[PDB]
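One structure is given below, encoded as structure tokens.
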Amino acid sequence: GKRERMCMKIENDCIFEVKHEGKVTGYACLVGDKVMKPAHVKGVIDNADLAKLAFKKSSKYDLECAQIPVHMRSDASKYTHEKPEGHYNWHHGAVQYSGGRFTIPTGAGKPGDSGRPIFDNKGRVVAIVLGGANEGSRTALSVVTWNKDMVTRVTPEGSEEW
Amino acid sequence: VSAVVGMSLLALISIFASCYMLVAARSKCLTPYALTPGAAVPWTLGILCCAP
């Protein structure tokens, strides 16, 4: 409904896409005053200005970061750090979080969909999806958090790198 | 001549290895703060290492 329309409205401007061999293979996001880009996916960002920008890399956390220029300063994603339990929005349905773990219904997460941020109820961004592992009718999520000042990765067993 | 050349080379490689590994230790200690959106490095760690 209206919430879906507003989610699409943000996604048309905040989340970008990377392409390779004429095919899109990863999504990059702008959170706070930085950029997030999971490091397993390679390609050219479909934006002339961002591509020329110099990046940074850390294979420990499987992400690439940078600093945004001042002409997408307004196009922020309103970061936050609180994690109450409940349900959380995503482009591929509503994801619920309990016991320090993220759970999705079975095969709603698709290969090559990594890099899409999660949204809380107030629309703030809380984590970036990296990969998933399944058990029964539910599939666990491997995401990176923003606890205070140090990012932390949490990965379930046998996670499939999307 | 050979002994002096060898000693100088060994000293140079030792110094270079130590400096490079210390730089790596700095870069690995201060790497997560550049990935966290927002926030800021503590002033003490930003003084004992040059933090941009």
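Odds and ends about this structure:
- Among (1) more than 28 Å from A:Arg73 (Cα to Cα); (2) within 14 Å of chain A (Cβ to nearest Cβ), the one test that B:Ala11 misses: (2)
- Condition broken by A:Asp46, with the remaining ones in (1) more than 14 Å from chain B (Cβ to nearest Cβ); (2) over 26 Å from A:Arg101 (Cβ atoms); (3) out of contact with any helix residue (DSSP H, G or I) (no Cβ under 8 Å at 6 or more places or on another chain); (4) crowded, with 17+ Cβ neighbours inside 10 Å satisfied: (4)
- Within segment B:24-52, residues that are closer than 10 Å to A:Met150 by Cα and without any contact (Cβ under 8 Å) to a residue 12 or more places away in the chain sit with their Cβ atoms under 6 Å from residues that are assigned to a loop (DSSP other than H, G, I, E, B) and among the charged types (D, E, K, R), at 6+ positions apart or across chains, in these pairs: B:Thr36/A:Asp149; B:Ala39/A:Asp149.
- Only listed residue being loosely packed, with under 10 Cβ neighbours inside 10 Å and within 14 Å of chain A (Cβ to nearest Cβ), chosen from B:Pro42, B:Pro32, B:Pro52, B:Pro37: B:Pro52
- The set of residues from segment A:119-142 being under 13 Å from the mean Cα position of the chain (by Cα) and either within 14 Å of chain B (Cβ to nearest Cβ) or free of Cβ contacts under 8 Å to residues at least 12 places away in the same chain (or both) comprises A:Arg124, A:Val125, A:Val126, A:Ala127, A:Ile128, A:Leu130.
- Search result, residues across segment A:143-162 that are under 18 Å from A:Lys34 (Cα atoms) and more than 11 Å from chain B (Cβ to nearest Cβ): A:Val143
- Filter result for B:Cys19 (in contact with a helix residue (DSSP H, G or I) (Cβ under 8 Å, 6 or more places away or on another chain), more than 14 Å from every other protein chain (Cβ to nearest Cβ), closer than 28 Å to A:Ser59 by Cβ and not β-branched (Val, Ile, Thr)): no
- Of all residues in segment A:49-77, those that are within 16 Å of A:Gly26 (Cα to Cα), more than 10 Å from chain B (Cβ to nearest Cβ) and not in a loop (DSSP other than H, G, I, E, B) total 2.
- Test result for A:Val35, surrounded by 11 or more Cβ atoms within 10 Å (Cβ to Cβ) and of a type in the set (A, V, I, L, M): yes
No value in this document is a laboratory result; all are computed from the given coordinates. Every residue, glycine as well, gets a Cβ built from its backbone with ideal geometry; the counts of neighbours run over all protein chains shown.
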